[PDB]
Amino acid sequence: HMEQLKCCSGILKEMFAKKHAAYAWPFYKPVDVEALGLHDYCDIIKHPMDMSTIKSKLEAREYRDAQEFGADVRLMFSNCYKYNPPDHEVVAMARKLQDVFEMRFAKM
């Protein structure tokens, strides 16, 4: 699984790339519930996730395989779709970033 984890690190680096920043930036770090004033975020989202946490987990070798890495990336997008109304701008941004992830993750 060392080779598939190098691919996971490559995919995450691509998600942080300048060419995707216009839609990736809300996912770079944890949702700051207090600063944003997000009503009941912690009641609705039991397992928050973001790209910096995923990066820290890859560096600490916490994912034993590609499936575990992919589960955290999809959790990050799922939390966004779950919390927000479907018409929210952040949801449209999550979909664009998920295009990047799914298309590369499938080429594992």
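We call the rigid core whatever largest set of C-alpha positions still superposes within 1.5 Å between the two forms. In this text, residue numbers run from 1 along the sequence as written.
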| query | finding |
| --- | --- |
| Greater root mean square CA deviation, 30-38 compared with 72-80 in 7 other deposited structures of this protein, core aligned | 30-38 |
| Which of 39-47 and 56-64 lies farther from this form in 7 other deposited structures of this protein, as RMS of C-alpha positions after a rigid core fit | 39-47 |
| Stretch with the higher entry mean CA B-factor, where the candidates are 68-76 and 39-47 | 39-47 |
| 56-64 set against 23-31, stretch whose average Cα temperature factor tops the other in the entry | 56-64 |
| Assigned third (lowest, middle, highest) for the C-alpha B factor of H88 | highest |
